[PDB]
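Here is work-v4.txt, consisting of compact mmCIF, C-alpha atoms and all ligand atoms:
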```
# COMPACT_ATOMS: atom_id res chain seq x y z
CA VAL A 31 -13.19 40.42 -34.12
CA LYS A 32 -15.04 37.69 -32.18
CA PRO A 33 -18.76 36.88 -32.09
CA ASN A 34 -20.58 36.31 -28.80
CA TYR A 35 -23.11 33.57 -29.57
CA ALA A 36 -25.02 32.54 -26.44
CA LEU A 37 -27.71 29.93 -25.87
CA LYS A 38 -31.24 31.37 -26.25
CA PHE A 39 -33.50 28.31 -26.68
CA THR A 40 -33.37 24.54 -26.53
CA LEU A 41 -35.89 22.79 -28.78
CA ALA A 42 -36.96 19.38 -27.54
CA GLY A 43 -39.50 17.10 -29.20
CA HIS A 44 -37.59 14.65 -31.39
CA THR A 45 -37.32 11.21 -29.80
CA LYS A 46 -34.17 10.12 -31.63
CA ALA A 47 -31.06 11.72 -33.11
CA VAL A 48 -31.60 14.98 -34.94
CA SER A 49 -29.93 14.72 -38.34
CA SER A 50 -30.35 18.17 -39.93
CA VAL A 51 -31.51 21.73 -39.26
CA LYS A 52 -32.23 24.38 -41.91
CA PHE A 53 -33.60 27.96 -41.68
CA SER A 54 -36.25 28.86 -44.22
CA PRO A 55 -34.96 31.42 -46.74
CA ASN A 56 -37.50 33.97 -45.44
CA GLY A 57 -36.01 33.60 -41.93
CA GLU A 58 -39.30 32.73 -40.23
CA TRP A 59 -38.84 29.02 -39.57
CA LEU A 60 -36.44 26.26 -38.74
CA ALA A 61 -36.98 22.76 -40.09
CA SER A 62 -35.46 19.72 -38.47
CA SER A 63 -35.18 16.08 -39.50
CA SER A 64 -34.53 13.07 -37.29
CA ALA A 65 -33.94 9.33 -37.06
CA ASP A 66 -37.47 9.28 -35.51
CA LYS A 67 -38.81 9.58 -39.10
CA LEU A 68 -40.25 13.03 -38.48
CA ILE A 69 -39.72 16.55 -39.74
CA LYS A 70 -40.47 19.30 -37.27
CA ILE A 71 -40.99 22.99 -37.84
CA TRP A 72 -40.12 25.56 -35.17
CA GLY A 73 -40.15 29.36 -34.98
CA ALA A 74 -36.71 30.70 -35.95
CA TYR A 75 -36.76 33.60 -33.47
CA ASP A 76 -38.62 32.19 -30.44
CA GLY A 77 -37.92 28.44 -30.78
CA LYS A 78 -41.66 27.70 -30.47
CA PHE A 79 -42.74 24.30 -31.77
CA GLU A 80 -44.93 24.79 -34.86
CA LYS A 81 -45.78 21.39 -36.40
CA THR A 82 -44.72 17.82 -37.20
CA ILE A 83 -44.64 16.48 -40.79
CA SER A 84 -44.77 12.71 -41.16
CA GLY A 85 -44.61 10.13 -43.91
CA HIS A 86 -41.19 8.55 -44.27
CA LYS A 87 -40.94 4.88 -43.32
CA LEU A 88 -37.43 5.13 -41.85
CA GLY A 89 -35.08 7.76 -40.45
CA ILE A 90 -34.47 11.05 -42.25
CA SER A 91 -30.93 12.21 -42.98
CA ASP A 92 -31.58 15.71 -44.45
CA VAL A 93 -34.19 18.39 -45.22
CA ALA A 94 -34.02 21.50 -47.43
CA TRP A 95 -36.27 24.43 -48.29
CA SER A 96 -37.45 25.83 -51.63
CA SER A 97 -36.44 29.41 -52.32
CA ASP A 98 -39.93 30.77 -51.55
CA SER A 99 -40.00 28.93 -48.16
CA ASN A 100 -43.18 27.06 -49.17
CA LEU A 101 -41.82 23.60 -49.82
CA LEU A 102 -39.43 21.20 -48.15
CA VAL A 103 -37.62 18.19 -49.53
CA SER A 104 -36.46 15.35 -47.25
CA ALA A 105 -33.95 12.55 -47.77
CA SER A 106 -34.53 9.24 -46.00
CA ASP A 107 -33.12 5.81 -45.19
CA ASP A 108 -36.31 4.47 -46.85
CA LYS A 109 -34.48 5.19 -50.14
CA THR A 110 -36.85 8.02 -51.14
CA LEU A 111 -37.08 11.76 -51.03
CA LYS A 112 -40.39 13.48 -50.31
CA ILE A 113 -41.53 16.92 -51.36
CA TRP A 114 -43.79 18.58 -48.78
CA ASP A 115 -46.08 21.57 -48.86
CA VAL A 116 -45.19 23.06 -45.45
CA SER A 117 -48.45 24.99 -44.89
CA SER A 118 -50.73 21.99 -45.50
CA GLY A 119 -48.35 19.22 -44.44
CA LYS A 120 -49.17 17.40 -47.68
CA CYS A 121 -46.68 15.08 -49.27
CA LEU A 122 -46.73 16.44 -52.83
CA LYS A 123 -44.35 13.86 -54.37
CA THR A 124 -42.28 10.84 -53.41
CA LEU A 125 -39.04 10.69 -55.45
CA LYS A 126 -38.15 7.04 -56.09
CA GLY A 127 -35.06 5.74 -57.91
CA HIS A 128 -32.15 5.58 -55.51
CA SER A 129 -31.27 1.98 -54.72
CA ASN A 130 -30.28 2.71 -51.11
CA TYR A 131 -30.27 5.32 -48.28
CA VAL A 132 -30.62 8.92 -49.45
CA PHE A 133 -28.30 11.10 -47.38
CA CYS A 134 -28.56 14.64 -48.74
CA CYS A 135 -30.78 16.99 -50.70
CA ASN A 136 -31.17 20.54 -51.95
CA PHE A 137 -33.41 22.60 -54.22
CA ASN A 138 -31.83 24.74 -56.90
CA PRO A 139 -32.32 28.53 -56.57
CA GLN A 140 -35.13 28.49 -59.14
CA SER A 141 -36.53 25.54 -57.10
CA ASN A 142 -37.79 23.71 -60.16
CA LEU A 143 -35.11 21.03 -59.49
CA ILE A 144 -33.91 18.89 -56.60
CA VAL A 145 -30.49 17.28 -56.26
CA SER A 146 -29.91 14.21 -54.05
CA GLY A 147 -26.95 12.09 -52.97
CA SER A 148 -27.07 8.48 -51.84
CA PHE A 149 -25.26 5.50 -50.35
CA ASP A 150 -25.81 4.08 -53.86
CA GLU A 151 -22.95 6.38 -54.98
CA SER A 152 -25.07 8.41 -57.41
CA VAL A 153 -26.28 11.98 -57.58
CA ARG A 154 -29.80 12.38 -58.99
CA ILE A 155 -31.51 15.44 -60.40
CA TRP A 156 -35.29 15.52 -60.13
CA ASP A 157 -38.12 17.55 -61.54
CA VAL A 158 -40.03 19.15 -58.64
CA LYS A 159 -43.38 19.46 -60.45
CA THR A 160 -43.57 15.87 -61.83
CA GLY A 161 -41.40 14.08 -59.28
CA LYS A 162 -39.54 12.42 -62.18
CA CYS A 163 -35.80 11.75 -62.12
CA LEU A 164 -34.27 13.74 -64.97
CA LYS A 165 -30.65 12.52 -64.65
CA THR A 166 -28.75 9.88 -62.69
CA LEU A 167 -25.07 10.84 -62.44
CA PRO A 168 -22.69 7.93 -61.71
CA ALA A 169 -20.87 10.49 -59.64
CA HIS A 170 -18.64 8.61 -57.21
CA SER A 171 -17.20 5.24 -56.23
CA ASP A 172 -18.46 5.40 -52.58
CA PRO A 173 -21.39 6.92 -50.69
CA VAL A 174 -22.29 10.56 -51.45
CA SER A 175 -22.32 12.72 -48.31
CA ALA A 176 -23.45 16.18 -49.60
CA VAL A 177 -24.90 17.86 -52.73
CA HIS A 178 -25.37 21.63 -53.32
CA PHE A 179 -26.28 23.92 -56.23
CA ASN A 180 -24.27 27.05 -56.82
CA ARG A 181 -25.80 30.58 -56.86
CA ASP A 182 -27.42 30.43 -60.34
CA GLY A 183 -28.01 26.69 -60.33
CA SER A 184 -25.72 25.89 -63.29
CA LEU A 185 -23.35 23.79 -61.15
CA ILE A 186 -23.77 21.04 -58.55
CA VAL A 187 -21.00 20.15 -56.05
CA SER A 188 -20.90 16.66 -54.56
CA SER A 189 -18.73 15.04 -51.89
CA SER A 190 -18.08 11.39 -51.23
CA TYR A 191 -16.34 8.83 -49.09
CA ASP A 192 -14.21 8.17 -52.22
CA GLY A 193 -12.19 11.23 -51.09
CA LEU A 194 -13.28 13.46 -53.96
CA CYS A 195 -15.33 16.58 -54.46
CA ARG A 196 -16.80 16.85 -57.91
CA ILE A 197 -18.57 19.62 -59.77
CA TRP A 198 -21.26 18.83 -62.28
CA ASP A 199 -22.88 20.75 -65.07
CA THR A 200 -26.57 20.76 -64.10
CA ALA A 201 -27.80 20.90 -67.74
CA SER A 202 -25.59 18.13 -69.25
CA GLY A 203 -24.64 16.00 -66.24
CA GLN A 204 -20.99 16.19 -67.30
CA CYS A 205 -18.30 16.22 -64.59
CA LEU A 206 -16.51 19.56 -64.89
CA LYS A 207 -13.99 19.27 -62.06
CA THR A 208 -12.56 16.79 -59.58
CA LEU A 209 -10.93 18.44 -56.54
CA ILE A 210 -8.28 16.59 -54.59
CA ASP A 211 -5.42 17.90 -52.45
CA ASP A 212 -2.42 15.96 -51.09
CA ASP A 213 -4.48 13.09 -49.70
CA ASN A 214 -8.02 11.61 -50.13
CA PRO A 215 -9.69 10.97 -46.76
CA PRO A 216 -13.51 10.68 -46.99
CA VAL A 217 -15.19 13.99 -47.81
CA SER A 218 -18.10 14.24 -45.42
CA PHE A 219 -19.54 17.63 -46.40
CA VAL A 220 -19.38 20.26 -49.14
CA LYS A 221 -21.22 23.46 -50.09
CA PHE A 222 -20.68 26.62 -52.21
CA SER A 223 -20.19 29.97 -50.51
CA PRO A 224 -23.17 32.35 -50.90
CA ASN A 225 -21.45 34.23 -53.76
CA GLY A 226 -20.68 30.92 -55.49
CA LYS A 227 -16.95 31.64 -55.70
CA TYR A 228 -15.71 29.12 -53.13
CA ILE A 229 -16.43 25.65 -51.81
CA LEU A 230 -16.17 24.69 -48.14
CA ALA A 231 -15.44 20.97 -47.66
CA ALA A 232 -15.01 18.75 -44.61
CA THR A 233 -12.95 15.61 -44.48
CA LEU A 234 -12.90 12.87 -41.87
CA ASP A 235 -9.37 13.81 -40.80
CA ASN A 236 -10.70 16.60 -38.51
CA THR A 237 -10.35 19.24 -41.19
CA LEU A 238 -12.34 21.85 -43.05
CA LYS A 239 -10.96 23.45 -46.23
CA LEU A 240 -11.94 26.49 -48.27
CA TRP A 241 -11.38 25.99 -52.00
CA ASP A 242 -11.32 28.35 -54.95
CA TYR A 243 -13.09 26.09 -57.44
CA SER A 244 -12.36 28.14 -60.61
CA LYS A 245 -8.63 28.00 -59.81
CA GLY A 246 -8.88 24.47 -58.34
CA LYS A 247 -6.90 25.53 -55.21
CA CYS A 248 -7.21 25.31 -51.42
CA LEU A 249 -7.08 28.79 -49.84
CA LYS A 250 -7.77 28.12 -46.14
CA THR A 251 -7.68 25.27 -43.64
CA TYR A 252 -9.71 25.09 -40.35
CA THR A 253 -8.88 22.69 -37.52
CA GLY A 254 -9.13 22.23 -33.74
CA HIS A 255 -12.49 20.45 -33.89
CA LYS A 256 -13.07 16.69 -33.86
CA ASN A 257 -14.51 15.03 -37.00
CA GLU A 258 -13.44 11.46 -37.92
CA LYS A 259 -16.75 9.54 -38.04
CA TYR A 260 -19.91 11.53 -38.72
CA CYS A 261 -20.88 13.65 -41.67
CA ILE A 262 -21.11 17.00 -39.96
CA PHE A 263 -22.61 19.97 -41.75
CA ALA A 264 -20.71 23.29 -41.78
CA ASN A 265 -21.57 26.82 -42.92
CA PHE A 266 -20.45 30.28 -43.85
CA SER A 267 -21.76 32.86 -41.39
CA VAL A 268 -22.12 36.15 -43.30
CA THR A 269 -24.70 38.29 -41.48
CA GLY A 270 -22.19 39.86 -39.05
CA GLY A 271 -18.51 38.98 -38.98
CA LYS A 272 -17.31 36.43 -41.54
CA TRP A 273 -17.09 33.09 -39.76
CA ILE A 274 -16.95 29.39 -40.51
CA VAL A 275 -19.36 27.38 -38.34
CA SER A 276 -19.30 23.59 -37.79
CA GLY A 277 -20.42 20.92 -35.42
CA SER A 278 -17.93 18.57 -33.75
CA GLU A 279 -17.77 15.10 -32.22
CA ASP A 280 -16.72 16.59 -28.87
CA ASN A 281 -20.28 18.06 -28.61
CA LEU A 282 -19.33 21.68 -29.28
CA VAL A 283 -20.14 24.15 -32.02
CA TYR A 284 -16.89 25.61 -33.42
CA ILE A 285 -16.69 29.06 -34.96
CA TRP A 286 -13.57 30.22 -36.86
CA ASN A 287 -12.54 33.56 -38.30
CA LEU A 288 -12.76 32.88 -42.05
CA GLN A 289 -9.68 34.97 -42.98
CA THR A 290 -7.28 34.08 -40.12
CA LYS A 291 -8.48 30.53 -39.43
CA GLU A 292 -8.38 31.13 -35.68
CA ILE A 293 -11.08 29.58 -33.52
CA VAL A 294 -13.11 32.51 -32.16
CA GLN A 295 -15.79 30.71 -30.17
CA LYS A 296 -16.70 27.21 -28.96
CA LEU A 297 -20.37 26.84 -28.01
CA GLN A 298 -21.03 24.50 -25.12
CA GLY A 299 -24.28 22.83 -24.12
CA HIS A 300 -25.03 19.80 -26.29
CA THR A 301 -24.54 16.35 -24.73
CA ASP A 302 -23.77 14.38 -27.95
CA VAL A 303 -22.17 14.88 -31.40
CA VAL A 304 -23.32 18.14 -33.03
CA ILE A 305 -24.02 16.82 -36.50
CA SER A 306 -25.72 19.84 -38.04
CA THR A 307 -25.44 23.59 -37.83
CA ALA A 308 -27.33 26.29 -39.74
CA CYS A 309 -26.90 30.06 -39.96
CA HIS A 310 -29.96 32.34 -40.15
CA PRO A 311 -30.17 34.25 -43.47
CA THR A 312 -30.44 37.80 -42.04
CA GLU A 313 -29.76 37.69 -38.27
CA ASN A 314 -26.75 36.47 -36.28
CA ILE A 315 -28.47 33.26 -35.18
CA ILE A 316 -27.06 29.72 -35.26
CA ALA A 317 -29.08 26.51 -34.95
CA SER A 318 -27.33 23.31 -33.92
CA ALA A 319 -28.60 19.72 -33.71
CA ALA A 320 -27.21 16.73 -31.85
CA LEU A 321 -27.37 12.97 -31.96
CA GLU A 322 -29.17 10.20 -30.03
CA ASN A 323 -27.92 10.95 -26.50
CA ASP A 324 -29.00 14.59 -26.74
CA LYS A 325 -32.01 14.74 -29.12
CA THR A 326 -32.24 18.55 -29.01
CA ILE A 327 -31.74 21.53 -31.19
CA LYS A 328 -30.25 24.74 -29.81
CA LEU A 329 -30.64 28.30 -31.00
CA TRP A 330 -27.76 30.68 -30.19
CA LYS A 331 -27.62 34.41 -30.86
CA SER A 332 -24.79 36.96 -31.09
CA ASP A 333 -24.49 40.74 -31.24
CA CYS A 334 -22.14 40.48 -34.23
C1 LIG B 401 -27.36 16.63 -42.78
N1 LIG B 401 -26.44 15.49 -42.89
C2 LIG B 401 -26.72 14.41 -42.00
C3 LIG B 401 -25.84 13.22 -42.16
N2 LIG B 401 -25.80 12.73 -43.55
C4 LIG B 401 -25.30 11.48 -43.71
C5 LIG B 401 -24.14 11.35 -44.50
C6 LIG B 401 -23.50 10.12 -44.68
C7 LIG B 401 -23.94 8.96 -44.06
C8 LIG B 401 -23.28 7.68 -44.22
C9 LIG B 401 -23.81 6.52 -43.60
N3 LIG B 401 -23.22 5.25 -43.74
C10 LIG B 401 -22.09 5.10 -44.46
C11 LIG B 401 -21.52 3.83 -44.57
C12 LIG B 401 -20.35 3.64 -45.30
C13 LIG B 401 -19.76 4.75 -45.93
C14 LIG B 401 -20.35 6.02 -45.82
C15 LIG B 401 -21.52 6.21 -45.09
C16 LIG B 401 -22.11 7.50 -44.98
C17 LIG B 401 -25.08 9.10 -43.25
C18 LIG B 401 -25.72 10.33 -43.03
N4 LIG B 401 -26.86 10.28 -42.29
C19 LIG B 401 -26.93 9.96 -40.98
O1 LIG B 401 -25.96 9.93 -40.25
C20 LIG B 401 -28.24 9.69 -40.47
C21 LIG B 401 -29.02 8.80 -41.22
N5 LIG B 401 -30.25 8.44 -40.88
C22 LIG B 401 -30.83 8.90 -39.69
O2 LIG B 401 -31.98 8.54 -39.42
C23 LIG B 401 -30.10 9.77 -38.88
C24 LIG B 401 -28.79 10.18 -39.25
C25 LIG B 401 -28.08 11.07 -38.41
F1 LIG B 401 -27.07 10.42 -37.84
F2 LIG B 401 -28.85 11.55 -37.46
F3 LIG B 401 -27.58 12.07 -39.09
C26 LIG B 401 -25.77 13.79 -44.59
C27 LIG B 401 -26.70 14.99 -44.27
CL CL B 402 -48.38 18.86 -35.32
```
Translate this file's structure into C-alpha cells.
Ligand SMILES: CN1CCN(c2ccc(-c3cnc4ccccc4c3)cc2NC(=O)c2c[nH]c(=O)cc2C(F)(F)F)CC1
Ligand SMILES: [Cl-]
Amino acid sequence: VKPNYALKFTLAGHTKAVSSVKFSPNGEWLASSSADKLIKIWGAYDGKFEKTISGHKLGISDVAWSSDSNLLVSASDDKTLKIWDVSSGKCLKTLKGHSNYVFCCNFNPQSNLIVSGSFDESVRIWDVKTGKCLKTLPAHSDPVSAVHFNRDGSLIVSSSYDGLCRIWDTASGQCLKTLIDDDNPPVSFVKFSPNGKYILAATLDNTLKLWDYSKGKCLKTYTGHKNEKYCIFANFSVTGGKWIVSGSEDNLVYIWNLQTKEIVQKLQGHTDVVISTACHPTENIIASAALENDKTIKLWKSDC
C-alpha cells in the first residue's frame, strides 16, 4: 500500500547542477548530465563512480540510452546533441540543426532514431547511424520541454511552454493530437506509460496529470508537490507497487499511489530543487538529481 524508499547512496562528482539521471535499460548503470558540461556514469546498484564522458561546449540538459544500453545521446545548451559509445567514450556523431538550446532527447525503441526538443520550438528526428536530421517538426509556439517515443516508436509526444501536449506520427511528421484541458499553463514534462496507453504530463501550476491519449481525456491528477519554475522529470514506478514519482522545488522526491492519487512517501535529503528522477527497470530503486546548491545524485531503495 506504501513503498519504503530509503537513502542508500549519495553520488558526488558533478561540480554544477545535475540536470538529468537515467538508468540503462539493462539495469547496470546510471547516466547523469550536468551544467558542468559532463556526463557521468555510475553503478546502478552500488553507486560507484564509473567514468566521465566529455565533449559538449556548454551545459547539458538531458541524456538518454539506446535500447541495448551501448549508446547515449545528450542534449546541450551548445545547440547540439551528441551520440556517445559508452564503452569507449567516443563521440560517434554530433547532431547539428537546432538554432538554440536543446533541452530533451530520447532514442526510439528500435534505437535507429533520436528525437529532440529545443528552445527553438521545434522537434527534430535524427538518423542515429548518419547523424542526419530526417525531419524538423514546427511543433510548438514556445520552447519544447520533453519528447518521448511510445512503445513501438510510431508516435512521439512533445510538451511545450505553449501549454500544449502534442502527438506526432513518427513516419509522416503529421500532428495527430493536441491535448489541452481547462487551462494552458506551461507543460514542463511529458512521457508515455510503459504500455503506451497513457501519457503523464506536468504543468507549471504544481500539477501532474495522467491522460488517456486515445480517448483524449484526463484520468488522474497528482498534487501536493511544488513545481512552478523548473522542468522537473516524473516517472511511472512499475517494478513493485504502481506509483507516480516526481521531483519538487521544495527539495523532496514525491511518490503517489497511481490509482488513488494519495501521496505515499516524501523522500528527504536533497538540499536544492530535485529536477530529475528515474526508476530502475527491474528493481525498486529510484535515482534523484538536484540543482546547483546540492550537486548530488541520490539512490533510494524500497522493499516494494
Ligand atoms: C531532464 N530535463 C532537464 C531540464 N530540461 C529543461 C527544460 C526546459 C528548459 C527551459 C529553459 N529556458 C526557458 C526559457 C523560456 C521558456 C522556457 C524555457 C525552458 C530548460 C531545461 N534545462 C535546464 O534547466 C538546464 C539546462 N542547462 C543546464 O546546463 C542545466 C539545466 C538544469 F537546470 F540543470 F536542468 C528538460 C530535460
Ligand atoms: Cl573517467
Write out as a PyMOL selection string the residues lying within 6 Å of residue 94 in chain A, counting only C-alpha atoms and excluding same-chain residues fewer than 5 positions away.
-> chain A and resi 102-103+136
At a cut-off of 7 Å around ligand LIG 401 (chain B), and using only C-alpha atoms and all ligand atoms, what residues come up? Please write them as a JSON list (two decimals) with C-alpha atoms, in the coordinates of the input.
```
[["chain", "number", "residue", "atom", "x", "y", "z"],
["A", 47, "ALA", "CA", -31.06, 11.72, -33.11],
["A", 48, "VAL", "CA", -31.60, 14.98, -34.94],
["A", 49, "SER", "CA", -29.93, 14.72, -38.34],
["A", 50, "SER", "CA", -30.35, 18.17, -39.93],
["A", 64, "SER", "CA", -34.53, 13.07, -37.29],
["A", 65, "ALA", "CA", -33.94, 9.33, -37.06],
["A", 66, "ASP", "CA", -37.47, 9.28, -35.51],
["A", 67, "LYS", "CA", -38.81, 9.58, -39.10],
["A", 88, "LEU", "CA", -37.43, 5.13, -41.85],
["A", 89, "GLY", "CA", -35.08, 7.76, -40.45],
["A", 90, "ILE", "CA", -34.47, 11.05, -42.25],
["A", 91, "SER", "CA", -30.93, 12.21, -42.98],
["A", 92, "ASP", "CA", -31.58, 15.71, -44.45],
["A", 106, "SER", "CA", -34.53, 9.24, -46.00],
["A", 107, "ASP", "CA", -33.12, 5.81, -45.19],
["A", 133, "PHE", "CA", -28.30, 11.10, -47.38],
["A", 134, "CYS", "CA", -28.56, 14.64, -48.74],
["A", 149, "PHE", "CA", -25.26, 5.50, -50.35],
["A", 172, "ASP", "CA", -18.46, 5.40, -52.58],
["A", 173, "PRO", "CA", -21.39, 6.92, -50.69],
["A", 174, "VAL", "CA", -22.29, 10.56, -51.45],
["A", 175, "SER", "CA", -22.32, 12.72, -48.31],
["A", 176, "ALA", "CA", -23.45, 16.18, -49.60],
["A", 191, "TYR", "CA", -16.34, 8.83, -49.09],
["A", 218, "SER", "CA", -18.10, 14.24, -45.42],
["A", 260, "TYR", "CA", -19.91, 11.53, -38.72],
["A", 261, "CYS", "CA", -20.88, 13.65, -41.67],
["A", 262, "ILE", "CA", -21.11, 17.00, -39.96],
["A", 263, "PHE", "CA", -22.61, 19.97, -41.75],
["A", 305, "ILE", "CA", -24.02, 16.82, -36.50],
["A", 306, "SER", "CA", -25.72, 19.84, -38.04],
["A", 321, "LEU", "CA", -27.37, 12.97, -31.96]]
```
So, counting all atoms listed in the file, which residue among A:276, A:152, A:236, A:189 is closest to residue 258 in chain A?
-> A:236
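Among the candidate residues A:137, A:59, A:72, A:95, the one lying nearest to ligand CL 402 (chain B) is A:72, with distances computed using all atoms listed in the file.
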Closest atom pairs, chain A residues within 7 Å of ligand CL 402 (chain B), all atoms listed in the file, as a Markdown table:
```
| residue | atom | partner | partner_atom | distance |
| --- | --- | --- | --- | --- |
| A:80 | CA | B:CL402 | CL | 6.9 |
| A:81 | CA | B:CL402 | CL | 3.8 |
| A:82 | CA | B:CL402 | CL | 4.2 |
```
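Each of A:303, A:283, A:205, A:293 was compared to residue 35 in chain A using all atoms listed in the file, and A:283 turns out to be the nearest.
Compared by their closest atoms to residue 215 in chain A, and using all atoms listed in the file, the residues A:135, A:275, A:234, A:36 rank with A:234 nearest.
Counting all atoms listed in the file, the residue from A:68, A:334, A:195, A:41 that sits nearest to residue 317 in chain A is A:41.
If you look at CA of residue 250 in chain A and CA of residue 209 in chain A, they are 14.6 Å away from each other.
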Taking into account only C-alpha atoms, which residue in the set A:86, A:154, A:162, A:227 is nearest to residue 125 in chain A?
-> A:162
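If you look at CA of residue 194 in chain A and CA of residue 208 in chain A, they are 6.6 Å away from each other.
Interatomic distance, CA of residue 253 in chain A against CA of residue 54 in chain A: 28.8 Å.
The protein and nucleic acid residues lying at most 9 Å from residue 77 in chain A are residues 38, 39, 40, 41, 59, 60, 72, 73, 328 and 329 of chain A, with all atoms listed in the file considered and sequence neighbours fewer than 4 positions away removed.
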Go ahead and find all residues with at least one atom no further than 7 Å from (-31.4, 20.3, -61.7) in the file's coordinates, using all atoms listed in the file; report them as a PDB file with C-alpha atoms, in the coordinates of the input.
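Result file follows (point06.pdb):
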```
ATOM      1  CA  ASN A 138     -31.830  24.740 -56.900  1.00  0.00           C
ATOM      2  CA  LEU A 143     -35.110  21.030 -59.490  1.00  0.00           C
ATOM      3  CA  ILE A 144     -33.910  18.890 -56.600  1.00  0.00           C
ATOM      4  CA  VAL A 145     -30.490  17.280 -56.260  1.00  0.00           C
ATOM      5  CA  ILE A 155     -31.510  15.440 -60.400  1.00  0.00           C
ATOM      6  CA  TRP A 156     -35.290  15.520 -60.130  1.00  0.00           C
ATOM      7  CA  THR A 200     -26.570  20.760 -64.100  1.00  0.00           C
TER       8      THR A 200
END
```
Could you give me, as a PyMOL selection string, the residues that have an atom at most 8 Å away from the point (-38.7, 29.4, -47.9) in the coordinates of the file, using only C-alpha atoms?
-> chain A and resi 54-57+95-101
Residue 264 in chain A: which residues within 12 Å, counting all atoms listed in the file, same-chain residues fewer than 2 positions away excluded, as JSON, numbers by chain?
-> {"A": [50, 51, 52, 176, 218, 219, 220, 221, 222, 223, 229, 230, 231, 232, 233, 237, 238, 239, 240, 252, 255, 257, 261, 262, 266, 267, 273, 274, 275, 276, 277, 278, 283, 284, 285, 286, 304, 305, 306, 307, 308, 309, 316, 317, 318, 319]}
Give me the residues near residue 186 in chain A as a PDB file with C-alpha atoms, keeping the file's coordinate frame, where near means some atom within 7 Å (using all atoms listed in the file) and where sequence neighbours in that chain fewer than 4 positions away do not count.
```
ATOM      1  CA  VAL A 177     -24.900  17.860 -52.730  1.00  0.00           C
ATOM      2  CA  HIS A 178     -25.370  21.630 -53.320  1.00  0.00           C
ATOM      3  CA  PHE A 179     -26.280  23.920 -56.230  1.00  0.00           C
ATOM      4  CA  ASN A 180     -24.270  27.050 -56.820  1.00  0.00           C
ATOM      5  CA  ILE A 197     -18.570  19.620 -59.770  1.00  0.00           C
ATOM      6  CA  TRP A 198     -21.260  18.830 -62.280  1.00  0.00           C
ATOM      7  CA  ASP A 199     -22.880  20.750 -65.070  1.00  0.00           C
ATOM      8  CA  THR A 200     -26.570  20.760 -64.100  1.00  0.00           C
TER       9      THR A 200
END
```
Please provide the set of residues having any atom within 10 Å of residue 247 in chain A, restricted to only C-alpha atoms, with same-chain residues fewer than 3 positions apart removed, written as number ranges by chain.
-> A: 209-211, 228, 240-244, 250
